[PDB]
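Enquirer: What follows is the file model13.cif, containing mmCIF, C-alpha atoms:
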data_query
loop_
_atom_site.label_atom_id
_atom_site.label_comp_id
_atom_site.auth_asym_id
_atom_site.auth_seq_id
_atom_site.Cartn_x
_atom_site.Cartn_y
_atom_site.Cartn_z
CA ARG A 166 -130.73 165.69 44.31
CA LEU A 167 -131.11 164.30 47.83
CA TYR A 168 -134.60 165.22 49.01
CA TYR A 169 -137.56 164.24 51.20
CA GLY A 170 -140.52 162.61 49.46
CA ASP A 171 -143.76 164.52 50.18
CA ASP A 172 -145.87 161.33 50.31
CA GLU A 173 -147.96 160.73 53.45
CA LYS A 174 -147.76 164.38 54.45
CA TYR A 175 -151.39 164.11 55.62
CA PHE A 176 -153.81 161.40 56.67
CA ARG A 177 -157.59 161.41 56.40
CA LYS A 178 -159.07 161.43 59.90
CA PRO A 179 -161.95 158.95 60.39
CA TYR A 180 -165.19 160.56 61.52
CA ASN A 181 -165.19 158.85 64.94
CA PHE A 182 -161.88 160.49 65.90
CA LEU A 183 -162.54 163.89 67.46
CA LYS A 184 -158.77 164.54 67.44
CA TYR A 185 -155.56 162.81 66.42
CA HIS A 186 -152.79 165.14 67.63
CA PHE A 187 -149.37 164.11 66.33
CA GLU A 188 -147.07 165.20 69.18
CA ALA A 189 -143.51 163.87 69.58
CA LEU A 190 -142.64 163.52 73.29
CA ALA A 191 -140.11 161.46 75.19
CA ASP A 192 -139.54 161.05 78.94
CA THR A 193 -136.86 158.84 80.50
CA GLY A 194 -136.51 157.95 84.18
CA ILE A 195 -133.67 155.93 85.75
CA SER A 196 -132.93 155.03 89.36
CA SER A 197 -129.97 152.99 90.63
CA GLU A 198 -129.35 152.04 94.28
CA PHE A 199 -126.39 150.03 95.65
CA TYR A 200 -126.27 148.90 99.32
CA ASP A 201 -123.31 146.69 100.36
CA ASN A 202 -122.42 145.96 104.02
CA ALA A 203 -119.80 143.55 105.43
CA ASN A 204 -119.15 142.88 109.15
CA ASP A 205 -116.51 140.67 110.84
CA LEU A 206 -115.92 139.78 114.52
CA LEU A 207 -113.34 137.61 116.29
CA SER A 208 -113.25 136.82 120.03
CA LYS A 209 -110.57 134.61 121.64
CA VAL A 210 -110.14 133.55 125.30
CA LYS A 211 -107.36 131.42 126.80
CA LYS A 212 -107.42 130.50 130.52
CA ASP A 213 -104.47 128.37 131.66
CA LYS A 214 -103.40 127.28 135.17
CA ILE B 13 -131.71 160.58 23.50
CA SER B 14 -130.42 157.22 22.28
CA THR B 15 -128.89 153.99 23.54
CA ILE B 16 -125.34 154.98 22.65
CA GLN B 17 -122.78 152.19 22.80
CA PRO B 18 -121.32 151.42 26.25
CA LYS B 19 -117.63 151.26 27.00
CA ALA B 20 -116.05 148.72 24.66
CA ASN B 21 -115.71 145.57 26.84
CA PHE B 22 -116.82 147.30 30.03
CA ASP B 23 -115.39 145.45 33.04
CA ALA B 24 -117.08 145.88 36.42
CA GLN B 25 -114.01 144.37 38.10
CA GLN B 26 -111.77 147.09 36.65
CA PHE B 27 -114.40 149.82 37.04
CA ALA B 28 -114.81 148.52 40.61
CA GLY B 29 -113.88 150.77 43.53
CA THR B 30 -113.73 154.49 44.17
CA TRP B 31 -114.93 157.05 41.63
CA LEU B 32 -115.14 160.84 42.06
CA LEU B 33 -117.91 162.82 40.37
CA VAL B 34 -116.36 165.70 38.43
CA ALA B 35 -119.41 167.34 36.85
CA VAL B 36 -123.00 166.74 35.74
CA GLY B 37 -125.12 168.24 33.03
CA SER B 38 -128.91 167.95 32.90
CA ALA B 39 -132.15 169.91 32.63
CA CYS B 40 -133.12 168.60 36.10
CA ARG B 41 -134.20 171.87 37.73
CA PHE B 42 -132.98 171.07 41.26
CA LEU B 43 -129.44 171.09 39.82
CA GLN B 44 -130.07 174.86 39.51
CA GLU B 45 -133.09 175.50 41.77
CA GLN B 46 -131.28 175.23 45.10
CA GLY B 47 -128.41 174.12 42.87
CA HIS B 48 -126.00 175.91 45.22
CA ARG B 49 -124.01 173.96 47.82
CA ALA B 50 -124.00 170.71 45.81
CA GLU B 51 -121.92 168.40 47.99
CA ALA B 52 -118.91 166.48 46.73
CA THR B 53 -119.99 163.00 45.62
CA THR B 54 -117.90 159.83 45.47
CA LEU B 55 -118.84 156.31 44.36
CA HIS B 56 -117.58 152.97 45.55
CA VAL B 57 -118.38 150.48 42.78
CA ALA B 58 -118.61 146.85 43.91
CA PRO B 59 -119.14 144.02 41.39
CA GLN B 60 -122.21 141.92 42.22
CA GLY B 61 -122.07 139.38 39.45
CA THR B 62 -122.84 141.22 36.24
CA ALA B 63 -124.56 143.98 38.24
CA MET B 64 -122.79 146.31 40.66
CA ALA B 65 -123.67 147.52 44.10
CA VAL B 66 -122.78 151.23 43.99
CA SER B 67 -122.56 153.30 47.19
CA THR B 68 -122.70 157.06 46.66
CA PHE B 69 -121.07 158.72 49.69
CA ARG B 70 -122.17 162.34 50.13
CA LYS B 71 -122.63 165.04 52.74
CA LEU B 72 -126.04 166.43 53.63
CA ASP B 73 -125.60 169.40 55.99
CA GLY B 74 -122.37 167.66 57.00
CA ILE B 75 -124.25 164.44 57.75
CA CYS B 76 -122.33 161.87 55.69
CA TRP B 77 -124.80 159.70 53.74
CA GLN B 78 -124.18 156.48 51.79
CA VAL B 79 -126.78 155.46 49.19
CA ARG B 80 -126.71 151.72 48.38
CA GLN B 81 -127.90 151.10 44.81
CA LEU B 82 -127.78 148.21 42.35
CA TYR B 83 -126.79 148.97 38.78
CA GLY B 84 -128.74 145.93 37.64
CA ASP B 85 -127.32 144.23 34.56
CA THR B 86 -129.46 144.63 31.45
CA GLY B 87 -127.44 141.81 29.90
CA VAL B 88 -125.82 144.31 27.55
CA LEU B 89 -122.27 144.79 28.80
CA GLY B 90 -122.07 148.23 30.42
CA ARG B 91 -125.81 148.92 30.25
CA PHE B 92 -127.66 148.74 33.56
CA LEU B 93 -131.20 149.05 34.92
CA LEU B 94 -131.93 150.69 38.28
CA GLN B 95 -135.21 149.17 39.46
CA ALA B 96 -137.90 151.53 40.75
CA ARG B 97 -139.10 150.91 44.31
CA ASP B 98 -142.22 152.78 43.21
CA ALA B 99 -139.65 155.46 42.49
CA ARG B 100 -140.60 157.73 39.61
CA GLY B 101 -139.15 155.17 37.19
CA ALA B 102 -136.24 152.90 36.48
CA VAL B 103 -133.00 154.50 35.29
CA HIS B 104 -131.22 153.05 32.27
CA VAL B 105 -127.49 153.60 32.87
CA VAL B 106 -125.03 153.21 29.99
CA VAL B 107 -121.36 153.37 30.95
CA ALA B 108 -120.49 155.09 27.68
CA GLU B 109 -116.75 155.58 28.27
CA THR B 110 -114.11 154.91 30.89
CA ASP B 111 -110.48 154.33 31.64
CA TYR B 112 -110.85 152.19 34.71
CA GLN B 113 -107.89 153.81 36.53
CA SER B 114 -108.73 157.33 35.31
CA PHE B 115 -112.19 158.45 34.19
CA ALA B 116 -115.71 157.32 33.40
CA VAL B 117 -118.53 159.04 31.51
CA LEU B 118 -121.87 157.57 32.62
CA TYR B 119 -125.11 158.14 30.69
CA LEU B 120 -128.34 157.78 32.68
CA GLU B 121 -131.93 158.12 31.51
CA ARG B 122 -135.30 157.65 33.21
CA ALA B 123 -138.65 157.98 31.43
CA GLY B 124 -136.69 159.48 28.54
CA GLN B 125 -135.14 162.04 30.93
CA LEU B 126 -131.40 161.84 30.32
CA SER B 127 -128.37 162.90 32.36
CA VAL B 128 -124.61 162.64 31.82
CA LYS B 129 -121.92 162.59 34.53
CA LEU B 130 -118.12 162.68 34.55
CA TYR B 131 -116.41 160.53 37.19
CA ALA B 132 -112.67 160.34 37.87
CA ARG B 133 -110.32 158.32 40.06
CA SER B 134 -108.19 161.40 40.85
CA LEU B 135 -108.68 164.93 42.23
CA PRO B 136 -106.67 166.34 39.32
CA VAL B 137 -108.35 165.50 36.03
CA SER B 138 -106.80 165.99 32.61
CA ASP B 139 -108.53 168.94 30.97
CA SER B 140 -108.47 166.70 27.88
CA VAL B 141 -110.99 164.37 29.55
CA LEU B 142 -113.14 167.26 30.78
CA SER B 143 -113.19 168.83 27.30
CA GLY B 144 -114.19 165.45 25.86
CA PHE B 145 -117.03 165.34 28.38
CA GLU B 146 -118.08 168.83 27.24
CA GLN B 147 -118.04 167.54 23.65
CA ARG B 148 -120.25 164.58 24.56
CA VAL B 149 -122.57 167.05 26.33
CA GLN B 150 -122.91 169.08 23.14
CA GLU B 151 -123.53 165.75 21.41
CA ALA B 152 -125.92 165.12 24.30
CA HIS B 153 -127.50 168.39 23.02
CA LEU B 154 -127.36 169.74 26.59
CA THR B 155 -126.13 173.32 26.86
CA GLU B 156 -122.87 174.00 28.65
CA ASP B 157 -125.03 176.25 30.85
CA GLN B 158 -126.36 173.00 32.36
CA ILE B 159 -122.90 171.79 33.44
CA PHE B 160 -122.59 171.84 37.25
CA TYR B 161 -119.07 171.23 38.51
CA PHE B 162 -118.95 169.80 42.07
CA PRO B 163 -116.71 171.07 44.88
CA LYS B 164 -113.22 169.59 44.82
CA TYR B 165 -112.97 168.60 48.49
CA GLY B 166 -115.12 167.44 51.35
CA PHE B 167 -115.69 163.90 50.11
CA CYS B 168 -116.98 161.53 52.78
CA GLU B 169 -116.63 157.77 53.18
CA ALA B 170 -118.21 155.17 55.45
CA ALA B 171 -121.47 156.92 56.35
CA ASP B 172 -122.90 156.02 59.75
CA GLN B 173 -125.10 152.95 60.07
CA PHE B 174 -127.96 155.43 60.56
CA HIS B 175 -127.04 157.53 57.49
CA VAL B 176 -127.46 154.81 54.87
CA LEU B 177 -130.47 154.70 52.54
CA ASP B 178 -129.97 150.97 51.83
CA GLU B 179 -131.97 151.52 48.65
CA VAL B 180 -130.50 148.49 46.86
#
Could you spell out this file's structure in structure tokens?
Expert:
Amino acid sequence: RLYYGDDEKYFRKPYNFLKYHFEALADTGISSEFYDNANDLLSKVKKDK
Amino acid sequence: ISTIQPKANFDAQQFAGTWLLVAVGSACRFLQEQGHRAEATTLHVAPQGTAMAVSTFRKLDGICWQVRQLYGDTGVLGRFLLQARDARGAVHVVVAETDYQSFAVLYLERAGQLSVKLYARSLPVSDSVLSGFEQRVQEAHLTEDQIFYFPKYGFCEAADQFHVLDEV
């Protein structure tokens, strides 16, 4: 038999806790921004007499 | 219920490797209560000194699971102790018979609760062997009505890293 052990099915809540809501949530957020700029100039003058 | 003799000169290095569960008999209710859909089970037996690491590979809802367990050496050749991790109790496992390339008949008891299993190296199994197992079940005093043959195909090997109990 392959089975799930019942142990720890409940926990005693301490008096000071009003609530202890087990609630499985996940949220993921990703951002990715790529800015690449390349500029080239050439300027040539010859003046011959 | 007795410590029957193990396999005469049991050899973990010959018994090592793949074994296919053929059938089990026991009173254990879950064999019958939700006893349906029992998945094919296969063992890899790995010598670990006198003990063996044994990995049972099994499906669970099609999730392939490997259970890592030590058949801890009792010091009697072919008798092993499975330690309890605060499990319900240790299991005494006597390898009562085998042909290392063919078949093994393993006797397992916990807390005086006994079970017997037929393992084979091959999908086809000589009906001779199976009948012998039946005989040893009668000698086990278990009814035939407690024999639960396991489905012939759908073995799984090499369970995911996440689908390993690592029980050791």
Enquirer: Any chance you could work out the residue set of the PyMOL selection byres ((chain B and resi 166) around 12) here, as a PyMOL selection string?
Expert: chain B and resi 32+49-54+69-76+135+162-165+167-169
Enquirer: Between CA of residue 149 (chain B) and CA of residue 24 (chain B), what is the distance, to one decimal in Å?
Expert: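 Separation of CA of residue 149 (chain B) and CA of residue 24 (chain B): 24.1 Å.
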Enquirer: Might you pull out every residue within 6 Å of residue 85 (chain B), with only C-alpha atoms counted and same-chain residues fewer than 4 positions away left off, and present them as number ranges by chain?
Expert: B: 62-63, 92
Enquirer: Go ahead and write the selection's residues with C-alpha atoms as a PDB file, keeping the file's coordinate frame.
Expert:
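Final output, part-v7.pdb:
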ATOM      1  CA  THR B  62    -122.840 141.220  36.240  1.00  0.00           C
ATOM      2  CA  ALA B  63    -124.560 143.980  38.240  1.00  0.00           C
ATOM      3  CA  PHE B  92    -127.660 148.740  33.560  1.00  0.00           C
TER       4      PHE B  92
END
Enquirer: Show me, as a PyMOL selection string, the residues that have an atom within 10 Å of residue 101 (chain B) when counting only C-alpha atoms, minus same-chain residues fewer than 5 positions from it.
Expert: chain B and resi 94-96+121-124
Enquirer: Considering only C-alpha atoms, tabulate each residue of chain A that lies at most 10 Å from chain B along with its nearest interatomic pair and the corresponding distance in Å to one decimal; arrange the rows by chain and ascending residue number and present them as a tab-separated table.
Expert:
residue	atom	partner	partner_atom	distance
A:166	CA	B:42	CA	6.6
A:167	CA	B:72	CA	8.0
A:168	CA	B:72	CA	9.8
Enquirer: Which is closer to residue 132 (chain B) than all the others in B:111, B:172, B:146, B:151, using all atoms listed in the file?
Expert: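 Among the listed residues, B:111 lies closest to residue 132 (chain B).
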Enquirer: What does the distance between CA of residue 120 (chain B) and CA of residue 104 (chain B) come to in Å, to one decimal place?
Expert: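 Answer for the CA of residue 120 (chain B) to CA of residue 104 (chain B) separation: 5.6 Å.
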Enquirer: With distances taken over all atoms listed in the file, which of B:44, B:78, B:25, B:127 is nearest to residue 57 (chain B)?
Expert: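 Residue with the minimum atom-to-atom distance to residue 57 (chain B): B:25.
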Enquirer: Would you work out the distance separating CA of residue 142 (chain B) from CA of residue 171 (chain B), expressed in Å to one decimal?
Expert: 28.8 Å
Enquirer: Measuring between all atoms listed in the file, which one of B:61, B:136, B:18, B:90 shows the shortest distance to residue 34 (chain B)?
Expert: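 With all atoms listed in the file as the atom set, the closest residue is B:136.
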Enquirer: Any idea what's packed within 12 Å of residue 170 (chain A), counting only C-alpha atoms, ignoring anything in its chain fewer than 5 positions away? Could you give it as a ChimeraX atom specification?
Expert: /B:98-100
Enquirer: Counting all atoms listed in the file, which of B:170, B:117, B:82, B:108 gets nearest to residue 14 (chain B)?
Expert: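 Among B:170, B:117, B:82, B:108, it is B:108 that comes nearest to residue 14 (chain B).
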Enquirer: Could you name the residues that touch residue 176 (chain A) at 12 Å or less, counting all atoms listed in the file, but leaving out those on the same chain fewer than 5 positions away, as a list in words?
Expert: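 Selected residues are residues 185, 186 and 187 of chain A.
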Enquirer: Atoms to include: C-alpha atoms. Write the selected residues as a CSV table (one decimal), in the frame of the given file.
Expert:
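Resulting contents of again_9.csv:
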chain,number,residue,atom,x,y,z
A,185,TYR,CA,-155.6,162.8,66.4
A,186,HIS,CA,-152.8,165.1,67.6
A,187,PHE,CA,-149.4,164.1,66.3
